[PDB]
Every structure is written in structure tokens, then in C-alpha cells.
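What follows is one structure encoded as C-alpha cells, with my remarks underneath.
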Amino acid sequence: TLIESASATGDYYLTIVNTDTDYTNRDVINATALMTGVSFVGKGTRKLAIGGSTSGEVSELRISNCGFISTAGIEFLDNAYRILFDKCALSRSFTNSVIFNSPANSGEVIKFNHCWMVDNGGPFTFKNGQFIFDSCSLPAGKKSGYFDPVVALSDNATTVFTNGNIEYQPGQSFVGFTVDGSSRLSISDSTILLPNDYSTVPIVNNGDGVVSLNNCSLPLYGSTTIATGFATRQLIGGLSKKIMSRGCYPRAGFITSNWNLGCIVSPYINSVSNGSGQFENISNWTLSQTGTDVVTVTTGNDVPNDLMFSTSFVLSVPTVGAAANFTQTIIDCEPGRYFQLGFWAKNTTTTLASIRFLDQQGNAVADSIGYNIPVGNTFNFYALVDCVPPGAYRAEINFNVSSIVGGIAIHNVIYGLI
Amino acid sequence: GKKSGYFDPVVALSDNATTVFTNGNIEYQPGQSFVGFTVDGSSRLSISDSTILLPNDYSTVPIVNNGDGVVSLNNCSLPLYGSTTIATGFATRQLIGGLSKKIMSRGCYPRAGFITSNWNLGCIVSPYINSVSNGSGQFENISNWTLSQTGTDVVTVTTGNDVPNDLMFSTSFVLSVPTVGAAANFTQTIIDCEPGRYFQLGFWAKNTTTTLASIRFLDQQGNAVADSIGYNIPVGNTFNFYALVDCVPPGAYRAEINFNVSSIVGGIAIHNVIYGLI
Ligand code: NA
Ligand SMILES: [Zn+2]
């Protein structure tokens with residue numbers, strides 16, 4: 001354990017260089033390059049530097065069984081790439097955690113293997129570069145009074161997060177990943193664990209950014225505060241529509257009668273069309289009367305927020321005898337795969353929302369799943385995450401209004417596979 | 001790169017070998033160009049969460065899939081924009097060569113985006129990721145296509161042998177504009193859309209009229225769910241490959257590939273139209 005003294009000055013406590021600038025010797029030297037078995041305990045003022053404009057290429061360096069605790073971060077300089085952090089701790093950092101400010105001749109396959117990265121007080125700045133997280137855990141929480149330890153991708157950076165855990169402790173709530181410019185984030189075979197009071201989103205996708213989720217355990221049931229102030233109760237924020245998810249599932253299941261506790265992956269995984277009345281008509285929907293009087297439908301400007309749409313459908317029940325079905329079907333079904341269904345609603349009549357799955361001949365292939373929307377004068381988000389049944393060809397979203405004189409505003413209807 | 005004067009350092013799978021390439025980088029230095037992976041027999045290659053980086057004058061393909069081989073790409077950064085020399089002499093400007101049609105790709109994307117007005121700089125993953133049918137006139141008719149007149153006189157369409165190469169099809173569509181007043185749309189729609197996932201669109205064209213090619217996405221009721229992406233095909237007397245790689249928009253149910261010809265007496269030969277998800 002190397003504890004930095006209080007009198008230590010400068011910006012760096014350790015700089016890793018290669019005074020051999022010769023090509024012939026590079027592979028010979030870098031094959032055996034090793035730093036192992038040291039815990040560095042800083043005082044939050046000095047960084048670790050890798051490379052340098054005057055250094056030879058620092059690559060294929062194994063940093064194994066090492067700790068970088070309470071430092072001012074790890075900074076990549078010129079000529080630093082393919083560094084292997086092999087089971088290391090990078091925790092309790094001050095001001096910065098990892099600095100990659102697009103240095104020259106740097107960034108190829110930088111891998112964190114089984115790394116413990118928690119309680120940091122500064123961002124992971126990935127301006128370009130290629131970063132791999134494998135069986136890592138982060139962020140747990142942030143250093144109180146400092147900056148969010150966000151993994152911030154910008155320019156043309158890529159980041160893989162696989163076989164790991166994205167978890168926040170109770171009382172911790174901040175964005176963990178941001179994707180900007182033409183950056184890309186891929187998360188696979190991992191768990192994302194959010195405490196009950198988590199009120200933002202773990203991932204924000206901006207610009208030309210891409211986010212892809214693959215066989216991940218997701219917190220899609222239980223919370224009514226996730227993504228407070230976003231377009232929907234969604235796991236991925238931002239306005240970039242380049243969102244992909246396959247094989248993801250609710251962590252420990254989903255109580256299908258409590259759509260009020262549901263969360264979707266993203267509002268852009270949506271094969272519904274005109275799901276918020278943005279066409280200023282009801283194209284892709286049919287309204288089938290079932291009572292004595294006529295239920296009416298219109299498109300209005302009463303919305304919970306205008307982050308995606310400024311319109312909503314409004315179904316009106318003028319008499320106790322009026323009743324109707326408001327229906328759209330979506331040809332987008334893969335049996336055995338989970339789907340997401342979501343919508344905002346403000347209901348003052350009796351509305352039964354349901355989904356069922358039909359085959360190519362229109363036969364229902366399984367029992368429908370219904371949910372009575374609570375009555376009230378506020379918008380609330382509802383979502384269902386469940387598995388597509390065998391034989392399904394098209395999903396059918398239906399709203400049945402009846403019984404009570406009033407109406408329901410329906411905003412941003414969403415259905416897609418995750 | 002390769003050792004100068006020696007053999008290609010190709011990763012050559014034969015018989016019943018398997019190979020996984022994950023979390024890594026497949027990159028060639030400037031001035032280096034050779035096939036990096038070959039798949040033969042009943043071998044299988046899977047590439048995941050990796051980058052494939054090709055220099056400016058790279059002129060072949062990094063992967064060749066032969067026989068009963070399988071190649072699968074998963075969430076990879078691909079060089080799909082910028083080069084007109086990739087896969088020189090192959091059936092299309094494609095990243096995977098060979099004749100094996102067992103090609104899969106999900107979650108792949110152009111490395112740093114795609115300037116959607118420059119289809120002349122586009123590259124596709126594979127011509128076998130194709131849900132277009134009769135995309136090259138191989139049926140000797142225009143099944144799955146519609147010709148709709150929009151001007152005076154009549155634009156005509158035939159299938160003929162005018163091709164850039166015979167590696168996949170020996171036929172092409174030929175649209176002919178007889179007068180300056182003639183105009184028509186030549187359209188196929190493909191029900192194969194996953195919102196949020198990238199698509200590939202590609203075709204060979206040799207154009208002496210005014211041809212606006214475009215793709216747009218329609219819902220199940222035929223409404224466009226986003227602005228169409230159009231590309232004016234350059235005029236000339238040579239075949240060139242054009243491609244667009246972009247993201248399927250929300251609400252998309254069917255992709256609509258359209259060629260609008262008008263204005264100039266002449267024609268356009270269209271060869272090996274390709275659309276699929278990657
Ligand atoms: Na269909
Ligand atoms: Zn893996």
C-alpha cells in the first residue's frame with residue numbers, strides 16, 4: 001500500500017512511459033510489461049499518467065491486482081493504447097476518474113477486466129477511444145459534494161459493458177452513461193440495479209449516439225419515480241432514436257395487473273404509428289361503438305409534457321350508455337421474446353386497457369392482459385412488460401371506455417420488442 | 001499488416017472449425033489490403049462488440065464466407081461510409097465476400113455515421129441480407145415492382161443483360177425515358193422494419209436520365225412516418241454502386257424503395273437492389 005504524503009506536489013504521482021521508441025523492440029518490450037500488486041492511496045490531488053508525446057508506445061501493459069483509490073484519476077496521454085486493467089479498483093476518485101481527451105495515437109482496445117469502480121467523484125471522459133468493461137461493477141454512488149462519476153462518451157468513442165453490474169446504492173440517483181456525437185454504447189449479459197428512490201435514468205443517448213442492450217436484467221417493474229421529468233418512464237433518456245434491445249427482461253418478473261408500476265426501455269422502440277395523435281387524425285386506430293350513444297374521439301393539446309409529442313387522443317363518453325373500443329394492431333411479434341407496452345393516460349371514465357395477440361387469421365392465441373386505468377385529473381404513465389406468446393402475428397392494443405360520463409386523454413402509446 | 005514478401009496472415013477456418021472474435025479490433029494499416037478471415041466447409045465465425053477499421057485504399061473484403069460457412073456480426077462498428085474501393089471486383093461494395101448466404105448481422109452501425117446525401121460512398125454488409133425479391137430482374141419480369149406514370153408519353157421498363165458483373169445476377173432493370181415530358185415512379189415495398197435498428201440499402205446504377213432514388217418508411221396504413229431520404233444519381237455511362245445505411249424510424253412497417261425518372265431523354269439500368277436489417 002503506497003499512501004501519498006500530504007506534502008506531495010505536482011499533478012501526477014505516477015507516469016508510465018516507454019523510453020524505447022524503436023519499432024523492432026516495441027513488441028519484445030510490451031509483451032512482458034507488467035505492474036501488479038500495488039494499492040495507491042492518494043489525497044485527491046494527483047493523477048496517474050499513461051504515455052506521453054515524447055514516450056514510445058505504451059501498449060500491452062498489464063495492470064493487475066492494483067488499487068487506485070482516492071486519487072485524481074487516470075489520464076491517458078499520447079501513444080497509450082491496449083492497456084489491460086486486470087482486476088483493479090478505481091474508486092473514491094476526486095474531480096476525475098478516467099481522462100481520455102482524444103490523445104494522439106491512443107485509445108485502441110482499452111479493457112477493464114473485473115474492475116471495482118465505485119464512489120467516484122469525477123467523470124469517465126471518453127472523447128473518442130475504444131473501451132471495454134468486462135465483469136465490472138459501477139458506480140454504486142458518487143463522492144458527496146463532487147461531480148457525477150458519469151461514463152461520458154463523445155465524438156466517436158465506443159464502449160462495451162458486458163458480463164457486469166450497473167448498480168446504485170439506496171439514496172444515489174444520477175445518470176451513469178451519456179452518449180454524444182457519433183458515439184456508441186453496447187451493454188450485454190449484465191444487470192442494471194436501481195434503488196427504490198432512483199428518479200432519473202441510468203443512460204442518456206444524444207446526437208447520433210447508439211445504445212444497444214443485449215440479454216440484460218432490467219428494472220422494469222416496481223417504481224413510479226424512475227425517469228422523473230423525461231418523456232416517459234423509460235430506462236434510456238435523450239432524444240437519439242438509435243436504440244436497440246433484444247433478450248432483456250424484468251429482473252424478477254412483472255405483476256401484470258399493476259401497469260402503474262411499469263417502466264419501458266425506450267419510447268423509440270415503438271412500432272405503433274400515430275400513437276399520440278400527432279397526425280391530427282385517428283389513422284392506424286379504429287373506434288368501434290358498442291353502446292347506445294356514440295363515444296367521440298379527437299386529437300388535442302392536453303399532454304403531460306411535449307418532449308416528444310404535443311398532442312393526445314381524447315375519448316369522450318357523453319352518456320352512461322356510450323361505450324366503444326379504441327384499437328390499433330401492430331404486426332411485430334416474436335414468440336418467446338419480451339415486449340414493452342406503455343402509454344400516458346388521464347382517465348375520468350371507466351377505461352379498460354388491454355393487449356392480446358392474434359394470428360394471421362385474427363384468432364386470439366392466448367388470454368388477453370387487461371388493466372383498469374385509475375380515475376383522476378392527472379397524467380400518469382402505465383407500462384406492461386411480458387412475453388410474446390406462441391402463434392402471435394400481430395399485437396392488439398385496445399382501450400374500452402364505458403359506464404361513467406367523462407373521458408380519457410391518451411398520450412404516446414408505445415409497443416415494441418426488447 | 002502482412003510481412004512483405006510472405007503469405008497473408010489470414011484466419012482460415014476449414015472443415016468444422018468455429019471462431020469467436022469479441023471485444024476487439026480488426027484493423028489494417030494504410031497501404032495494407034488482404035482478406036483477414038475465410039470460412040470454408042461447415043465452419044462458423046462470430047464477431048461481436050468489435051471495430052473493423054479499413055484504410056482509404058483497402059480494395060478487397062475482410063471476410064470471405066464459402067461453402068456451408070456461417071458469419072454472424074453482433075453490435076460491431078463497421079466501415080460502411082467513405083470508400084469507393086472496398087470489395088473491388090466483388091458482386092457489390094460489401095464487407096463479406098464469398099457465396100455462402102448464411103450471413104447474420106444485428107446491431108452493427110457505420111463507424112462515425114453516414115452522410116445520407118452521399119450514397120456513392122456507401123458500403124453494405126452483405127448482398128445476401130436482402131428481403132427484396134426480384135431486385136435485379138432475375139424473374140425476367142417486374143414482379144414485386146410497380147411502374148406508375150406521372151408525365152406525358154410512357155416510361156418503359158424491361159429486363160436485360162446490362163450488368164456490372166455476373167457474380168450474382170445476369171439481369172438488370174432498364175427504365176427508359178423517351179421524351180422530356182415523360183416521368184414515372186418504379187417502386188418496391190419490403191415488409192421488414194425494426195425501429196431503432198440500422199438497415200442497409202444498395203444497388204448498382206448506370207444513369208443517363210434524371211433519376212431520384214429514395215427510401216421512405218410507411219406504417220401499416222401507408223402513412224409515411226418520417227421524411228424520405230433521397231439521392232440524385234449522377235449521370236454517366238458507367239456502372240457504380242450506391243448504398244445507404246441508416247436507422248429505421250419509429251412506426252415503420254414497410255420500407256419503400258423508389259426510383260423516379262424524368263426530364264432527360266435517356267435511361268437507367270438498375271442492378272441487384274438490396275434492402276435488409278443489420
Ligand atoms: Na406482414
Ligand atoms: Zn462476451
Side-chain angles (χ1 to χ4, degrees), chain A residues 84-87 109-115 130-137 158-166 184-192 212-217 244 246-248 271-273 284 328-335 337 339 357-363 365 388 391-396 415-417, chain B residues 18-26 44-52 72-77 104 106-108 131-133 144 188-195 197 199 217-223 225 248 251-257 275-277:
Chain A
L84 175 56
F85 297 89
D86 191 8
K87 201 208 74 69
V109 192
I110 296 172
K111 179 174 170 177
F112 306 103
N113 178 64
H114 202 80
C115 286
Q130 174 187 24
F131 299 89
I132 308 292
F133 293 82
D134 198 347
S135 78
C136 299
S137 287
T158 59
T159 292
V160 172
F161 192 99
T162 185
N163 304 319
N165 179 32
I166 298 168
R184 291 87 171 77
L185 172 64
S186 185
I187 304 179
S188 175
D189 291 325
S190 301
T191 56
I192 301 184
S212 177
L213 307 182
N214 309 270
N215 298 294
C216 286
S217 176
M244 287 171 276
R246 179 181 188 279
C248 295
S271 295
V272 175
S273 187
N284 299 285
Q328 171 170 163
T329 71
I330 307 95
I331 305 172
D332 180 24
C333 305
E334 182 172 9
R337 184 173 175 182
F339 68 87
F357 294 86
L358 314 180
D359 60 18
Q360 294 166 202
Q361 287 298 121
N363 305 112
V365 304
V388 174
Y393 171 66
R394 66 173 78 234
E396 177 190 286
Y415 168 87
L417 307 179
Chain B
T18 59
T19 292
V20 170
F21 193 99
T22 187
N23 305 319
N25 182 30
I26 301 167
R44 291 88 170 80
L45 173 64
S46 182
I47 307 182
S48 172
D49 288 327
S50 299
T51 57
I52 302 187
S72 179
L73 309 181
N74 309 269
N75 296 297
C76 288
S77 177
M104 284 169 287
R106 181 184 180 279
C108 295
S131 290
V132 177
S133 186
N144 303 290
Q188 170 165 162
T189 68
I190 307 94
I191 304 174
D192 182 22
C193 303
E194 180 169 12
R197 185 174 170 182
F199 67 87
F217 295 87
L218 315 175
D219 59 24
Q220 293 167 204
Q221 291 302 304
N223 308 100
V225 300
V248 176
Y253 171 67
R254 55 173 80 87
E256 174 188 283
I257 302 177
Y275 168 86
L277 305 181

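All ligand and atom numbering here is 1-based and tracks the order in the structure. Residue numbering restarts at 1 for every chain, and letters A, B, ... go by the order of the sequence lines.
- For the side chain to side chain contact (heavy atoms under 4.5 Å, CB included) with A:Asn165, the lone residue among A:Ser137, A:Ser190, A:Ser135 that qualifies is A:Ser137.
- With hydrogens and angles left out, the side-chain atoms of A:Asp189 and A:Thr162 include no donor and acceptor closer than 3.5 Å.
- Within a radius of less than 3.0 Å around the Na ion (ligand 1), the protein N, O or S atoms are A:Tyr393 OH, B:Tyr253 OH.
- Contacts of A:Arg337 classified as salt bridge (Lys or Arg N to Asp or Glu O under 4.0 Å), with partners at least two apart in sequence or in another chain: A:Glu334, B:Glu194.
- Residues passing the salt bridge (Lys or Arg N to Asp or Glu O under 4.0 Å) test with A:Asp86, sequence neighbours excluded: A:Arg62.
- Heavy-atom minimum distance, A:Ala392 versus A:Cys333: O-CB, 3.6 Å.
- Listed by chain and residue number, A:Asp359, A:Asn363 satisfy the side-chain contact (heavy atoms from CB on, under 4.5 Å) test with A:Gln361 (two or more places apart in sequence, or in another chain).
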